[PDB]
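Only one chain is included here, represented as structure tokens and corresponding to the form deposited in one PDB entry.
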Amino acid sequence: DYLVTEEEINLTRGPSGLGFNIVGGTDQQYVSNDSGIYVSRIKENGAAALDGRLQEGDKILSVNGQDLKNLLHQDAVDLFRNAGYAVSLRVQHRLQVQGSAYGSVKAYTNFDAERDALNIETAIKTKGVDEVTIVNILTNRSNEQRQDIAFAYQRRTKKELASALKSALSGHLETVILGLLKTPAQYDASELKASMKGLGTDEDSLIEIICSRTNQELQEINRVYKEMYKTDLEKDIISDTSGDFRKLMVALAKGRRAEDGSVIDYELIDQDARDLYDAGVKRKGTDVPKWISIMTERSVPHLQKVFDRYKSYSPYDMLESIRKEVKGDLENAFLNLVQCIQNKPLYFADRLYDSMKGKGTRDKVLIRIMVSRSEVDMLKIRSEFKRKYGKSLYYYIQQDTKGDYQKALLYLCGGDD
């Protein structure tokens, strides 16, 4: 949750004071748990600003050897009021890095799972439904916090929060909010199930998920999929797919890719670049199993260098080589997999653009990406999108969607660029 280093700071009271404002206490807890004392503001040109060691957000542990643990707000203030002009502080510097730093949606600081579950009830129970309030909460909260809100709402109402919103919402907005409530593994599992449900597979969605997920994510998806649907994901893929496209998807969904080692294996990088060339462009036909094993077994950093070393031997790069060697679902899968290896944020930027560029909106693609990447690499996606397409992802969502559905997507986007 937090990274912590502690520092002793000695300050000389200026006439304005020590030059900072404190918050906290047992009677005014800054968050739901900590009763500590925190620096909420550092006055410009104050004794603490000039000293430069104190930071906004630090926790005051002790003042002149007196601990500030479990004190009322007034008891903490009174310790400063009687401290004299030479004040010795012991502070705790805090860095809030957790999850990913490239995610649009972060954990809400003043989080209270009970009040949110309460306020979502109010909204469901208001006449006409306050969707805006449902959206303002659930899109501003981490996926873990949404799980807490789902737990509280069940205990208070004896109904599952998702089943309640499933009745209080409709259309595209319902799809977004219901997606946000599932865990990452549950959402991917159900999205995978929906693409294979029915004779006739949505290979587009199946490729996107299976190609873009890491070993850690696929291992979890495999566990949750079997819990939810009483069958193995690998078995459902074998049933809905065939040919070398089946081989590729089965190997990828296993999530047994080599982990990034500390040592870069330049010798293997060159051999794999030679193999990929021998199996495809250099020969008549294509040794597809050789392509599958290299591109599914080797680690992502390794394969990034393999694709560049491949350009030393082949007159075409990997993507052009795939378009010249295979067709159909197999070609689609290789092209997606290589893009995920080379630049996954750009891959999602391109799929976002394709879901909105022309007539209408491929809402199923737009929604899944905004949901499943909002806490992973959405800020990198927006950076690649802005760099390539000139306008922001915010702007394209704004032009393709409307209403509270747009607002939710704009929140999951996280802002303009």
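Residue numbers run from 1 along the displayed sequence.
**Student:** Name the higher of the two by mean Cα B-factor in the PDB entry, 140 to 148 versus 295 to 303.
**Tutor:** Per the PDB record, 140 to 148.
**Student:** Where do the C-alpha atoms have the higher mean temperature factor in this entry, in 95 to 103 or in 249 to 257?
**Tutor:** In the deposited entry, the stretch with the higher C-alpha B-factor mean is 95 to 103.
**Student:** Quick one: which of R156, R323, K182, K193 shows the highest Cα temperature factor in the PDB entry?
**Tutor:** Most elevated C-alpha B-factor of the set, per the entry: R156.
**Student:** Among the choices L268, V338, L346, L72, identify the one whose CA B-factor in the record is greatest.
**Tutor:** Max CA B-factor in the entry, restricted to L268, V338, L346, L72: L72.
**Student:** Please rank the C-alpha B-factors of the chain's modelled residues and tell me whether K230 sits in the lowest, middle or highest third.
**Tutor:** As the PDB entry reports it, the C-alpha B-factor of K230 lands in the highest third of its chain.
**Student:** Should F80 be placed in the lowest, middle or highest third of its chain by the C-alpha B factor in the entry?
**Tutor:** Middle third.
**Student:** Quick one: classify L54 as lowest, middle or highest third of the chain based on its Cα B-factor.
**Tutor:** CA B-factor rank for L54: highest third.
**Student:** Please say which third, lowest, middle or highest, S170 falls into when its CA temperature factor is compared across its chain.
**Tutor:** For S170, the deposited C-alpha B-factor lands in the middle third.
**Student:** Once the chain's modelled residues are ordered by C-alpha B factor and cut into thirds, is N215 in the lowest, middle or highest one?
**Tutor:** Ranked within chain, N215 CA B lands in the lowest tercile.
Here the subject shifts to the form deposited in another entry, a form of this protein not shown in this document.
**Student:** From the list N110, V97, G200, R81, return the one residue or range at the hinge between the rigid parts that rotate between the shown form and the other one.
**Tutor:** Where C-alphas switch their better-fitting rigid part, the residue is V97.
**Student:** Given that the shift is 3 Å or more, do the Cα atoms of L54 and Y108 end up closer or farther apart in the other form than in this form?
**Tutor:** Closer in the other form, by 3 Å or more.
**Student:** Since the C-alpha distance between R115 and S40 changes by 3 Å or more in the other form, give its direction relative to the shown form: closer or farther.
**Tutor:** Distance between the C-alphas of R115 and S40: shorter in the other form, by 3 Å or more.
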